[PDB]
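**Student:** everything below, folded, please.
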Amino acid sequence: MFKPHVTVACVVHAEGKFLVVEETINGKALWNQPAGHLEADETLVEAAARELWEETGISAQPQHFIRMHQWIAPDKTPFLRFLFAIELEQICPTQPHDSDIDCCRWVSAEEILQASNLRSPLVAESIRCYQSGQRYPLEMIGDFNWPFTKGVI
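**Tutor:** Numbers count the residues shown, from 1 in each chain. For reference, the structure is listed below:
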């Protein structure tokens, strides 16, 4: 039966700057939000928090849900891409724990919106959606009667 590739992404914002990971996709250096694929026995925010750590070394929970984007990539892969928002009081050190990621760069909104080296068109959309200022609670895409442990206090 049909099953879409489910992904999560984070808009990490601090001091008027957005966090962006660089990645070499067959021969070209492209930018994306700290993002990746959802795994088995995993909550969507747990996926987002994990991917954030794997790609950037930053350890922080998602705060608000922004939006989900349903789209097909040019390789014909169908995605359900869940975007989250993270505000940090200040810019912090980054270090990828993923050989896929070359470096991280704290970059302005205009620098992304006008960039020509984005992983996908959703990189720019994620900024447009964040700039609107519309944010939603994490519960509205939350787990239900979840069997595994999740967090503490």
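
**Student:** now do the lengthiest helix in the chain: distance to the chain's middle.
**Tutor:** Scanning the chain for the longest helix, with DSSP state H as the assignment, gives helix 44-56. What separates the centre of helix 44-56 from the centre of its chain is 8 Å, taken as CA atoms, centre = their mean, to the nearest Å.

**Student:** outside of that helix, which residues touch it?
**Tutor:** 8-10, 12, 19, 21, 34-39, 42, 58-62, 82, 84, 86, 94-98, 100-101, 104, 138, 141, 143, 150 (CB atoms under 8 Å, 6 or more residues apart in numbering). All C-beta atoms are positioned from the backbone trio N, CA, C, and that covers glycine.

**Student:** where do the helices sit along the protein?
**Tutor:** Secondary structure of the chain (DSSP H): helices located at 44-56, 109-113, 122-131.

**Student:** so which of the ones you listed is nearest residue 76?
**Tutor:** Smallest distance to residue 76 across these (CB to CB): 16.2 Å, for helix 122-131.

**Student:** off-centre distance for the closest one?
**Tutor:** 11 Å.

**Student:** and stretch 1-19, by the same measure?
**Tutor:** The chain centre lies 2 Å from the centre of stretch 1-19; the measure is CA atoms, centre = their mean.
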